[PDB]
Amino acid sequence: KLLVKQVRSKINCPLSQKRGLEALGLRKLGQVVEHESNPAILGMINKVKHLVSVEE
Amino acid sequence: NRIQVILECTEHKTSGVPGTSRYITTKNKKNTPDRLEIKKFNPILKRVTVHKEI
Amino acid sequence: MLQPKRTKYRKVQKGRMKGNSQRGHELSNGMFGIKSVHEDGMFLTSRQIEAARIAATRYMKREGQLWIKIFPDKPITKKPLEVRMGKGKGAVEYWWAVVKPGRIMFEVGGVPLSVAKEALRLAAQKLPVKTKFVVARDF
Amino acid sequence: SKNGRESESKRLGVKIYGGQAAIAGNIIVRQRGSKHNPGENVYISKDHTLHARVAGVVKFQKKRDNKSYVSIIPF
Amino acid sequence: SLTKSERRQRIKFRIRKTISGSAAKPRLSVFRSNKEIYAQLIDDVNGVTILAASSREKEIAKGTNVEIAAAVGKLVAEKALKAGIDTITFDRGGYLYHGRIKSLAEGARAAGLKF
RNA sequence: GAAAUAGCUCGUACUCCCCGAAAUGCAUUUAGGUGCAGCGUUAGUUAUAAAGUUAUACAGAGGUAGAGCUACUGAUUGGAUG
RNA sequence: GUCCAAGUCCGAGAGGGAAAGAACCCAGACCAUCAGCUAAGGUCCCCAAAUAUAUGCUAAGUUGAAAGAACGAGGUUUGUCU
RNA sequence: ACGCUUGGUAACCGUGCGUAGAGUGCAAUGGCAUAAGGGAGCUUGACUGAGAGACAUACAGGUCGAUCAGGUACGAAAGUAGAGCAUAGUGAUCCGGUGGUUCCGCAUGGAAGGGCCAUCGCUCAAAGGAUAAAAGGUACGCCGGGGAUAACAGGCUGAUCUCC
RNA sequence: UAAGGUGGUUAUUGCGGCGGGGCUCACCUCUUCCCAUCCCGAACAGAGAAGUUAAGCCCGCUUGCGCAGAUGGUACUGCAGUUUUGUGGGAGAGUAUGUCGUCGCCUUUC
């Protein structure tokens, strides 16, 4: 179980990377969501890792 | 030179059967003269018959 | 001037030269040469090629050869003056060769180092490229 | 100039791929010349178009001097 | 392809391009040669051969090659109409349908083996 | 007649709440206008619901970047034969 | 400048920074408050915050905004071979 | 490539090497030798009634196509044939002409005429064709709009120019 | 064990060279008949068994021509910032090297 929180803004990001955030439970810069560690979510984190921060 | 020919059935129009069978084909007025005749299926008589160019 | 005797097409599109030519950067049949150390591709024209060749041939009068490892194979066009933009491509103006960073252009085999450095330095002043003097490893 | 003419594209390319299902009359490949040859349960048309014959799964399986032989595994 | 074998392989290729056979309705290949003509029933979809006949057994009477081929055809027909095979696709194996091949085919047609 | 017609310019009056585009494609006596498609709003439908979006695993067809030409077509530097 | 393709923004978008700029960097404004934490960018004064710490370079006011050539030189610091 | 009178290595012939450099009517691309290239025999499926299912898709349109029935051509039979190796060779509607048709036919019976199927007439070439039928001047001009668009000047860039 | 027939496997399976073999395969002898040459029994077809491994065919060897081909490195490229780069993917060519096939079913044989 890892915690991921959006640190940057999706205003100048492409549509793919902007939908990659909505795929997770992220809709605002002040949010933080907890997910599992399956290999499916660590492709979304790799897609948008410059916009989020994964603590644990 | 390529003309449009109309091959009408020949054995038709001799029996008491209304209708007329025709086939609209193309030909050449120089390479194949003299009223081409071809055996085609007559849909009225239900048998193959010789159709001659009109 | 160096240009093809004939070719399939007269007009050729002006492509994009991405540098660091990975072929033609080694010396062969000659021990001294000049190589391009520029940062982007260049168009070496037949006038520049002939000028550099004759400048390097006037030096070292009859000693050694001058290998030219390049050829102006592509045609560059230019529409006439006082013409508005766009009625088709213009007539072929001249012929040029693509030179990418790392390509060797001239080579000398006969003369020693003292003369081959001066001749190549005299020839490199006619080319629009920053050139460095390279010597072969087996020397 | 004298160069301003062209024709409309024919929308060629590869239809249903070698891992998807087809049915009795689904166009598989549109070509200009038989570069994808028909295999099992796949036939070719007048315009060198590959048609399916039965419902199944497509399979290309290039072989025999680099020649595609599109076939269908029934299911 | 003119060595009397490549010429036959070409015919066999352009015949097998359309002649085949499953477990039901198999293929009937023939091999001529200078003497002792052979015939065989092959299943091309699964490998295994069903049956095979030849003019080398205690059933063929000596004579002309045409009569020998007719007898071999009758024998292979009577042998194939035992298990239940009723239809066949007769190919040629690169031989013209005339002479011993036609005699074998007619000897098989006089019996059963609908084809 | 007559408030002729204007594919043209100008003007178009109170408040609050919710949603929210386009400047593309095909035609046109057509290009600063329209017709249809594309994008919007309102309402109603799929339920043991269906479809969408992103990522992962698996499986496909391609001929771009690159590369090469003694692998064709065209071009091409230098030596040996002639 | 012009004609296409893959994205973003302005168009229809307030706020902060580059001194002032529709697009550049950060960032998507329901109101009210003399509350707090940060992004880009900064902490000598105009003008909020370091005349903060550690190491080296520059002597040209180069520089403190953006942006420069072929070609010269016994400016200086530093690594290897010699 | 090697031999041979004309005959000349570019005519025909003989023997080898030759995966395709030939040819496929006509441009280019793709394909084709187990031929789609060439020859011989027999023939007319260049048939009738039709279209499971797909590809393109604003619409109008366009392309491919498997089973069934009735009679055929070739083949011993399987089997193939609903035009050409495949993509260009084209023109909507209205109107008029020809062949077939107790389909209708204005009180009744005919007829004129119309309807249905097959088919003909348009460089309507400005080829989605505004009419069957169509060229110029205006410095005597007028009205409605445009910096959507030029001439002078300003702006960006130097092809040209000038200087180093 | 050997041979013949017939299939699967993208030439690592092919081409060439050197030696061996023949119950089946092949040349080999003839054209009255079935059949055919835009001329020829050359090919196809038929009738036979005097001879033969000479050739076709099958075995064993050959890196010779072909075909296949790494590891490493490089080019190129998706995402993020930028003069620099970091993260992943990763060629082509070339070198070492490999290859004189392999897998089934029937008939006669040991």
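All chains are named by letter (A, B, ...) in the order of the sequence lines, taking the proteins before the strands, and each is independently numbered beginning at 1. These numbers come from the heavy atoms of this one structure, side chains and all, not from hydrogens, waters or symmetry mates.
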A.B. asks: Between H:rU44, I:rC79, F:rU54, which nucleotide gets closest to the side-chain atoms of A:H50?
C.D. replies: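 Of all the options, the side chain of A:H50 is nearest to I:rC79.
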A.B. asks: Would you mind reading off the distance between E:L2 atom CG and H:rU15 atom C1', rounded to a whole angstrom?
C.D. replies: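 So the two atoms are 13 Å apart, to the nearest Å.
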A.B. asks: Assign H:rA56 to syn or anti; the rule is syn for a glycosidic angle within 90° of 0 and anti otherwise.
C.D. replies: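 Syn, since the glycosidic angle lies within 90° of 0.
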A.B. asks: Between F:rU54, H:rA78, I:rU6, which nucleotide gets closest to the side-chain atoms of E:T89?
C.D. replies: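 The answer is H:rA78, which lies nearest to the side chain.
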A.B. asks: Just N and O in the side chain of E:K12: are any of them under 4.0 Å from OP1 or OP2 of I:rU6?
C.D. replies: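 Answer is yes, contact under 4.0 Å.
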A.B. asks: Closest nucleotide of RNA chain F for C:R16 versus for D:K62: which of these residues is on the 5' side?
C.D. replies: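 The 5'-side residue here is D:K62.
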A.B. asks: Is there a side-chain contact between C:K8 and the phosphate of F:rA75, meaning an N or O under 4.0 Å from OP1 or OP2?
C.D. replies: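 No, outside the criterion.
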A.B. asks: Around atom NZ of E:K12, are there more than 12 heavy atoms of other residues, nucleotides or ligands at under 6.0 Å?
C.D. replies: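 Counting other residues, nucleotides and ligands, NZ of E:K12 exceeds 12 neighbours.
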A.B. asks: With nearest nucleotide decided by heavy atoms, which residue, E:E106 or D:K35, maps closer to the 5′ end of RNA chain H?
C.D. replies: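 Its nucleotide being nearer the 5' end, the pick is D:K35.
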A.B. asks: Between the protein and nucleotides 36-41 of chain H, are there any N/O to N/O pairs under 3.5 Å, and if so, what are the atom names and distances?
C.D. replies:
from, atom 1, to, atom 2, distance (Å)
H:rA36, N6, D:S34, OG, 2.6

A.B. asks: Parallel, tilted or perpendicular: which fits the ring planes of E:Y38 and E:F31, with parallel below 30° and perpendicular above 60°?
C.D. replies: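 Ring orientation, 0 to 90° scale: parallel.
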A.B. asks: Categorize E:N34 for me: base, sugar-phosphate, or nothing, with a 4.0 angstrom heavy-atom threshold over every strand shown.
C.D. replies: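 Touches a base.
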A.B. asks: Is E:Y38 stacked against the base of I:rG5, taking the criterion as centroid distance under 5.5 angstrom and interplanar angle under 30°?
C.D. replies: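 The base of I:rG5 is not stacked with E:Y38 (the test needs centres under 5.5 Å and planes under 30°).
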A.B. asks: Are any of E:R109's side-chain N or O atoms less than 4.0 Å away from OP1 or OP2 of H:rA76?
C.D. replies: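 The answer is no; no side-chain N or O of E:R109 sits under 4.0 Å from OP1 or OP2.
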A.B. asks: Counting the atoms with a prime plus P, OP1 and OP2 as sugar-phosphate, which does D:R64 contact under 4.0 Å by heavy atoms, base, sugar-phosphate, or nothing?
C.D. replies: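 Contact class for D:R64: base.
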A.B. asks: Between G:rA27, H:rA76, I:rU10, which nucleotide has the shortest distance from any of its atoms to the side chain of A:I11?
C.D. replies: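 Output: G:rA27.
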A.B. asks: Is any side-chain nitrogen or oxygen of A:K18 closer than 4.0 Å to OP1 or OP2 of F:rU53?
C.D. replies: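 For F:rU53, neither OP1 nor OP2 has a side-chain N or O of A:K18 closer than 4.0 Å.
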A.B. asks: Counting any heavy atom closer than 4.0 Å, what does E:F31 reach on the DNA or RNA strands: base, sugar-phosphate only, or nothing?
C.D. replies: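 Here E:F31 touches the backbone only, sparing every base.
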A.B. asks: Within the stacking criterion (centroid distance below 5.5 Å, interplanar angle below 30°), does B:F41 stack on H:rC47?
C.D. replies: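 No; by the centre-distance and plane-angle rule, B:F41 does not count as stacking on H:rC47.
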A.B. asks: Checking all strands, does E:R16 fall into the base, sugar-phosphate, or nothing category for heavy-atom contacts under 4.0 angstrom?
C.D. replies: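 Touches sugar-phosphate only.
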A.B. asks: Quick one: B:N42 CG to H:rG45 P, roughly how many Å, whole number?
C.D. replies: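 About 13 Å, once rounded to whole Å.
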A.B. asks: Mind listing the N/O atom pairs, protein and nucleotides 69-72 of chain F, below 3.5 Å?
C.D. replies:
from, atom 1, to, atom 2, distance (Å)
F:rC69, OP1, C:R23, NH2, 3.3
F:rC69, OP2, C:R23, NH2, 3.1

A.B. asks: What integer distance in Å separates E:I88:CD1 from H:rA76:P?
C.D. replies: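 These atoms are roughly 17 Å apart.
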A.B. asks: Please give me the minimum heavy-atom distance between E:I68 and E:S55, naming the atom from each residue.
C.D. replies: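 Where E:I68 meets E:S55 most closely, the heavy atoms are CG2-CB, 3.7 Å.
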A.B. asks: Between C:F32 and C:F133, how do the two ring planes meet: parallel, tilted or perpendicular, split at 30° and 60°?
C.D. replies: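 The rings of C:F32 and C:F133 lie parallel, inter-plane angle below 30°.
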A.B. asks: Hey, is H:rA10 sitting syn or anti, using the within-90° cutoff around 0?
C.D. replies: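 Glycosidic conformation of H:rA10: anti.
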A.B. asks: Among the nucleotides H:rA78, G:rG28, H:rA76, which one has an atom lying closest to any side-chain atom of E:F90?
C.D. replies: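 Given the options H:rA78, G:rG28, H:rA76, the side chain of E:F90 is closest to H:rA76.
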A.B. asks: Answer yes or no: does a side-chain N or O of C:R84 lie under 4.0 Å from OP1 or OP2 of G:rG1?
C.D. replies: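 False: C:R84 side-chain N/O out of range (4.0 Å or more) of G:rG1 OP1/OP2.
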A.B. asks: Is the shortest side-chain N/O distance from E:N65 to OP1 or OP2 of I:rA47 below 4.0 Å?
C.D. replies: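 Yes, within the criterion.
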A.B. asks: With E:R10, which residues qualify under salt bridge (charged side-chain N to carboxylate O under 4.0 Å, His left out), at least two apart?
C.D. replies: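 Salt bridge (charged side-chain N to carboxylate O under 4.0 Å, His left out) check on E:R10 returns nothing, list empty.
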A.B. asks: So does E:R27 get a side-chain nitrogen or oxygen closer than 4.0 Å to the phosphate oxygens (OP1/OP2) of I:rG7?
C.D. replies: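 Yes.
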A.B. asks: Within the sub-3.5 Å range, which N or O atoms of nucleotides 34-38 of chain I have a protein N or O partner, and how far apart are they?
C.D. replies:
from, atom 1, to, atom 2, distance (Å)
I:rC34, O2', E:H98, NE2, 3.3
I:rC34, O2, E:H98, NE2, 3.0
I:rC35, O4', E:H98, NE2, 3.2

A.B. asks: Let me know the distance between NZ of C:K132 and P of G:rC71, rounded to the nearest Å.
C.D. replies: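 One finds 14 Å between P of G:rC71 and NZ of C:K132, rounded.
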A.B. asks: How long is the straight-line distance from CD of C:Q48 back to CG of C:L127, given to the nearest 0.5 Å?
C.D. replies: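 These two atoms lie 6.5 Å from each other.
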A.B. asks: Taking all heavy atoms of C:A124 and all of C:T131, pick out the closest pair and write down the distance.
C.D. replies: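 What the structure gives for the nearest pair is CB-OG1, 3.3 Å.
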A.B. asks: For F:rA50, decide between syn and anti, treating a glycosidic angle within 90° of 0 as syn.
C.D. replies: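 Nucleotide F:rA50 adopts anti.
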A.B. asks: List the protein contact pattern of nucleotides 54-60 of chain H with one symbol per nucleotide (5' to 3'): B for base contact, S for sugar-phosphate-only contact, - for none; contact means a heavy-atom distance under 4.0 Å.
C.D. replies: BBSS---
A.B. asks: Base, sugar-phosphate, or nothing: which does D:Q61 touch, judged by heavy atoms less than 4.0 Å apart?
C.D. replies: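 It contacts sugar-phosphate atoms only.
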A.B. asks: Tell me whether the side-chain N/O atoms of C:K130 come closer than 4.0 Å to OP1 or OP2 in G:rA70.
C.D. replies: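 So the side-chain polar atoms of C:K130 do come within 4.0 Å of the phosphate oxygens OP1 or OP2 of G:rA70, strictly under.
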A.B. asks: State whether A:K47 places a side-chain N or O below 4.0 Å from either non-bridging phosphate oxygen (OP1 or OP2) of I:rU87.
C.D. replies: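 Checking I:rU87 against A:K47, no side-chain N or O comes under 4.0 Å of OP1 or OP2.
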A.B. asks: In this structure, how many angstroms lie between the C1' atom of I:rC106 and the CD atom of E:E36, rounded?
C.D. replies: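 After rounding, the gap between these two atoms is 18 Å.
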A.B. asks: To the nearest Å, give me how far apart CD (C:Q13) and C1' (F:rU64) are.
C.D. replies: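 Taking atom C1' of F:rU64 as the reference, CD of C:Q13 is at 15 Å.
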A.B. asks: Which nucleotide in the list F:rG60, H:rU48, G:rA27 gets nearest to the side chain of B:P43?
C.D. replies: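 Minimum distance to the B:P43 side chain belongs to H:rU48.
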A.B. asks: Mind checking whether D:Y43 and D:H51 have parallel, tilted or perpendicular rings, split at 30° and 60°?
C.D. replies: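 Ring orientation, 0 to 90° scale: parallel.
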A.B. asks: Heavy atoms under 4.0 Å, any strand shown: does E:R8 hit a base, just sugar-phosphate, or nothing?
C.D. replies: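 The residue E:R8 makes sugar-phosphate contact but no base contact.
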A.B. asks: Output all residues satisfying side-chain contact (heavy atoms from CB on, under 4.5 Å) with C:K130, sequence neighbours left out; order by chain, then residue number.
C.D. replies: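 Partners of C:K130 under the side-chain contact (heavy atoms from CB on, under 4.5 Å) test: C:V37, C:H38, C:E39.
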A.B. asks: Give a yes/no answer on whether the side chain of C:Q65 brings an N or O atom under 4.0 Å of OP1 or OP2 in F:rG79.
C.D. replies: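 Looking at the OP1 and OP2 atoms of F:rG79, one of them is under 4.0 Å from a side-chain N or O of C:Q65.
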A.B. asks: Across all strands shown, which nucleotide pairs with H:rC12 by Watson-Crick or G-U wobble geometry, both distances under 3.5 Å?
C.D. replies: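 Paired with H:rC12, as far as the under-3.5 Å criterion goes, is no nucleotide at all.
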A.B. asks: Under a plain distance cut-off of 3.5 Å, with no hydrogens placed, do E:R7 and E:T3 share a side-chain donor-acceptor pair?
C.D. replies: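 No.
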A.B. asks: What I want to check is whether an N or O donor and acceptor connect the side chain of A:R8 with the base of G:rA27 at under 3.5 Å.
C.D. replies: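 No pair found.
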A.B. asks: OP1 or OP2 of I:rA45 sitting under 4.0 Å from any side-chain N/O of E:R32?
C.D. replies: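 Affirmative; the distance criterion is met.
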A.B. asks: Is it the case that H:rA132 stacks on H:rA133 (six-membered ring centres closer than 5.5 Å, ring planes within an angle under 30°)?
C.D. replies: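 Stack present between H:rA132 and H:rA133.
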A.B. asks: Picking from I:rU77, H:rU34, I:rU24, which would you name as closest to the side chain of E:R10?
C.D. replies: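 Out of I:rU77, H:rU34, I:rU24, the nucleotide with an atom closest to E:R10's side chain is H:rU34.
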A.B. asks: Could you tell me whether the phosphate oxygens of I:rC25, OP1 or OP2, come under 4.0 Å of any side-chain nitrogen or oxygen in E:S33?
C.D. replies: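 Checking I:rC25 against E:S33, a side-chain N or O does come within under 4.0 Å of OP1 or OP2.
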A.B. asks: CD1 of E:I15 versus P of I:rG7: gap in Å, rounded?
C.D. replies: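 Rounded to whole Å, this separation is 11 Å.
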A.B. asks: Scan every strand shown for a Watson-Crick or G-U wobble partner of F:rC36, both distances under 3.5 Å, and answer none if you come up empty.
C.D. replies: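 When the pairing criteria are applied, F:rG25 turns out to be the nucleotide that pairs with F:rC36.
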A.B. asks: Tell me which of C:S21 and D:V14 sits closer to the 5' end of RNA chain F, going by the nucleotide each one is nearest to.
C.D. replies: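 Taking each residue's closest nucleotide, the earlier one in sequence belongs to D:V14.
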A.B. asks: Would you state whether a donor and an acceptor, one from the side chain of D:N66 and one from the base of I:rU10, lie under 3.5 Å apart?
C.D. replies: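 Side chain to base: pair found, below 3.5 Å.
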A.B. asks: Base, sugar-phosphate, or nothing: which does E:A105 touch, judged by heavy atoms less than 4.0 Å apart?
C.D. replies: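 Since no nucleic acid heavy atom lies under 4.0 Å of E:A105, the category is nothing.
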A.B. asks: Heavy atoms from C-beta onward define the side chain here; which of H:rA35, H:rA86, G:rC9 lies closest to that of E:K17?
C.D. replies: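 The closest nucleotide is H:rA35.
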